[PDB]
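Novice: Below are the structure tokens for one structure; questions will follow.
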Amino acid sequence: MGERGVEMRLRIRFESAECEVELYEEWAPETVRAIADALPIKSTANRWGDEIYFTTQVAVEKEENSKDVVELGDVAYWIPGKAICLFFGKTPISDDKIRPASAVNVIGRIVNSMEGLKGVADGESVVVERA
């Protein structure tokens, strides 16, 4: 009941795909509180080149962490916009590498799943829930 820290995993299912992701305080225990606060909730998924970002109505913004580079397989939350986004390929600016944004936090990565959600259908439901 709150006797740890590096063990905060959430669930994110899709009408045509499913995947799990964990999280580490590297971003900030304070912000992590909002994500956990936004358990089972309805959200609309927006399709984008090997990228997916949906709003959950949770407005959590602060100046900290905000990274812009990451390796294939890791997951991150879009700070400027309070929107979460998966990573399994290109992004708004593929070119030679993968640029998810200019200031997004690393909310962990996809381990027990390795699903290819990136192949989601244009516009589909989304329900965020912490396990």
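Following the order of the structure tokens, first chain is A, next is B, and so on, with residues numbered from 1 inside each chain and ligands from 1 in the order they appear.
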Report as a short mmCIF file (atom, residue, chain, number, x, y, z; two decimals) with N, CA and C atoms, in the first residue's frame all protein, DNA and RNA residues lying within 9 Å of segment 59-67 of chain A, evaluated on only C-alpha atoms, omitting residues in the same chain fewer than 3 positions from it.
Specialist:
data_model
loop_
_atom_site.label_atom_id
_atom_site.label_comp_id
_atom_site.auth_asym_id
_atom_site.auth_seq_id
_atom_site.Cartn_x
_atom_site.Cartn_y
_atom_site.Cartn_z
N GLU A 26 11.65 8.13 -12.54
CA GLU A 26 12.58 8.97 -13.29
C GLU A 26 11.91 10.25 -13.79
N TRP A 27 10.60 10.19 -14.01
CA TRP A 27 9.85 11.36 -14.46
C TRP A 27 9.52 12.25 -13.27
N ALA A 28 8.85 11.68 -12.26
CA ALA A 28 8.49 12.41 -11.04
C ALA A 28 7.27 11.79 -10.36
N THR A 31 3.87 13.64 -10.75
CA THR A 31 3.11 13.50 -12.00
C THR A 31 2.48 12.12 -12.09
N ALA A 34 -1.13 11.57 -11.26
CA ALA A 34 -2.21 11.88 -12.19
C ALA A 34 -2.55 10.67 -13.05
N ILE A 35 -1.53 10.02 -13.60
CA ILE A 35 -1.75 8.84 -14.43
C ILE A 35 -2.56 7.80 -13.66
N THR A 56 -7.04 11.94 -22.29
CA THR A 56 -7.86 11.26 -21.29
C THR A 56 -8.55 12.25 -20.35
N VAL A 70 14.70 8.66 -27.75
CA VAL A 70 14.49 7.35 -27.14
C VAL A 70 14.74 6.22 -28.14
N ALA A 76 6.64 6.65 -23.76
CA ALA A 76 6.77 7.98 -23.17
C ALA A 76 5.46 8.76 -23.23
N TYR A 77 5.29 9.68 -22.29
CA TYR A 77 4.09 10.51 -22.23
C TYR A 77 4.38 11.91 -22.75
N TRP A 78 3.52 12.40 -23.63
CA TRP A 78 3.69 13.73 -24.21
C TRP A 78 3.33 14.81 -23.19
N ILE A 79 4.34 15.53 -22.69
CA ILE A 79 4.10 16.59 -21.72
C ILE A 79 3.29 17.72 -22.36
N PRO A 80 3.87 18.50 -23.31
CA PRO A 80 3.14 19.58 -23.98
C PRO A 80 1.90 19.06 -24.70
N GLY A 81 0.83 18.85 -23.94
CA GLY A 81 -0.41 18.34 -24.51
C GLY A 81 -1.07 17.31 -23.61
N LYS A 82 -0.37 16.88 -22.56
CA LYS A 82 -0.91 15.89 -21.61
C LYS A 82 -1.48 14.68 -22.35
N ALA A 83 -0.79 14.25 -23.40
CA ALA A 83 -1.23 13.11 -24.20
C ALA A 83 -0.20 11.98 -24.20
N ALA A 101 8.81 13.98 -30.15
CA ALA A 101 8.43 15.36 -29.82
C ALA A 101 9.65 16.17 -29.40
N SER A 102 9.41 17.30 -28.74
CA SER A 102 10.49 18.16 -28.29
C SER A 102 10.61 18.17 -26.76
N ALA A 103 9.68 17.50 -26.08
CA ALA A 103 9.72 17.46 -24.62
C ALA A 103 8.75 16.43 -24.03
N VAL A 104 9.05 15.15 -24.22
CA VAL A 104 8.20 14.09 -23.67
C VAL A 104 8.95 13.21 -22.68
N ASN A 105 8.25 12.82 -21.61
CA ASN A 105 8.82 12.00 -20.54
C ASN A 105 8.78 10.51 -20.87
N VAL A 106 9.74 9.77 -20.32
CA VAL A 106 9.80 8.32 -20.50
C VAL A 106 8.98 7.65 -19.41
#
Novice: I need the residues in chain A that are alpha helix (DSSP H) according to DSSP; give them as a PyMOL selection string.
Specialist: chain A and resi 29-37
Novice: According to DSSP computed on the backbone, where in chain A is there strand (DSSP E or B)? Give the residues as a PDB file with C-alpha atoms, in the first residue's frame.
Specialist:
ATOM      1  CA  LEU A  10      -0.688   0.543 -16.194  1.00  0.00           C
ATOM      2  CA  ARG A  11      -2.887  -1.149 -18.786  1.00  0.00           C
ATOM      3  CA  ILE A  12      -3.921   0.203 -22.192  1.00  0.00           C
ATOM      4  CA  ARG A  13      -6.244  -1.832 -24.417  1.00  0.00           C
ATOM      5  CA  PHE A  14      -7.424  -1.146 -27.965  1.00  0.00           C
ATOM      6  CA  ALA A  17      -4.832  -4.364 -30.036  1.00  0.00           C
ATOM      7  CA  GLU A  18      -3.520  -4.745 -26.471  1.00  0.00           C
ATOM      8  CA  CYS A  19      -0.254  -3.911 -24.664  1.00  0.00           C
ATOM      9  CA  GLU A  20       1.127  -3.324 -21.150  1.00  0.00           C
ATOM     10  CA  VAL A  21       3.638  -0.753 -19.893  1.00  0.00           C
ATOM     11  CA  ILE A  41     -11.518   5.955 -18.443  1.00  0.00           C
ATOM     12  CA  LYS A  42     -12.773   6.396 -22.015  1.00  0.00           C
ATOM     13  CA  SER A  43     -10.499   7.996 -24.614  1.00  0.00           C
ATOM     14  CA  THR A  44     -10.502   8.366 -28.409  1.00  0.00           C
ATOM     15  CA  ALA A  45      -7.421   7.174 -30.292  1.00  0.00           C
ATOM     16  CA  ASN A  46      -5.934   9.255 -33.101  1.00  0.00           C
ATOM     17  CA  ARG A  47      -4.028   7.393 -35.840  1.00  0.00           C
ATOM     18  CA  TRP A  48      -0.636   8.691 -37.016  1.00  0.00           C
ATOM     19  CA  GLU A  51       2.336   6.832 -33.699  1.00  0.00           C
ATOM     20  CA  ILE A  52      -0.765   7.064 -31.509  1.00  0.00           C
ATOM     21  CA  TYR A  53      -1.802   9.860 -29.137  1.00  0.00           C
ATOM     22  CA  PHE A  54      -5.070  10.145 -27.214  1.00  0.00           C
ATOM     23  CA  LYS A  67      13.101  14.044 -23.074  1.00  0.00           C
ATOM     24  CA  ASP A  74      10.435   2.403 -24.901  1.00  0.00           C
ATOM     25  CA  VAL A  75       7.228   4.264 -24.012  1.00  0.00           C
ATOM     26  CA  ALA A  76       6.770   7.980 -23.172  1.00  0.00           C
ATOM     27  CA  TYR A  77       4.088  10.506 -22.227  1.00  0.00           C
ATOM     28  CA  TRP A  78       3.692  13.730 -24.207  1.00  0.00           C
ATOM     29  CA  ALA A  83      -1.234  13.106 -24.197  1.00  0.00           C
ATOM     30  CA  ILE A  84       0.238   9.578 -24.048  1.00  0.00           C
ATOM     31  CA  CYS A  85       1.915   8.077 -27.135  1.00  0.00           C
ATOM     32  CA  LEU A  86       3.179   4.584 -28.107  1.00  0.00           C
ATOM     33  CA  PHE A  87       6.430   3.984 -29.998  1.00  0.00           C
ATOM     34  CA  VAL A 104       8.197  14.089 -23.670  1.00  0.00           C
ATOM     35  CA  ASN A 105       8.823  11.997 -20.542  1.00  0.00           C
ATOM     36  CA  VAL A 106       9.795   8.319 -20.502  1.00  0.00           C
ATOM     37  CA  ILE A 107       6.837   6.691 -18.771  1.00  0.00           C
ATOM     38  CA  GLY A 108       8.526   3.300 -19.010  1.00  0.00           C
ATOM     39  CA  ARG A 109       8.432   0.676 -21.749  1.00  0.00           C
ATOM     40  CA  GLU A 124     -10.869   3.608 -32.479  1.00  0.00           C
ATOM     41  CA  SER A 125     -11.974   3.555 -28.835  1.00  0.00           C
ATOM     42  CA  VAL A 126      -9.441   3.555 -25.993  1.00  0.00           C
ATOM     43  CA  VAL A 127      -9.767   2.724 -22.282  1.00  0.00           C
ATOM     44  CA  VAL A 128      -6.884   3.552 -19.931  1.00  0.00           C
ATOM     45  CA  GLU A 129      -6.779   1.440 -16.744  1.00  0.00           C
TER      46      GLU A 129
END
Novice: Of the candidates A:15, A:37, A:50, A:71, which one gets nearest to residue 123 of chain A if we count only C-alpha atoms?
Specialist: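 Of all the options, A:15 lies closest to residue 123 of chain A.
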Novice: Go through A:97, A:118, A:9, A:90 one by one, measure the shortest atom-to-atom distance of each to residue 32 of chain A using only C-alpha atoms, and give the residue with the smallest value.
Specialist: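 Nearest candidate to residue 32 of chain A out of A:97, A:118, A:9, A:90: A:9.
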Novice: Figure out the distance between atom CA of residue 49 of chain A and atom CA of residue 119 of chain A, please, to one decimal in Å.
Specialist: 9.5 Å
Novice: Could you please determine the separation between atom CA of residue 116 of chain A and atom CA of residue 33 of chain A in Å, to one decimal place?
Specialist: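 Between atom CA of residue 116 of chain A and atom CA of residue 33 of chain A the gap works out to 27.6 Å.
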Novice: Mind pulling up the distance from atom CA of residue 72 of chain A to atom CA of residue 8 of chain A?
Specialist: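 So the answer is 20.9 Å.
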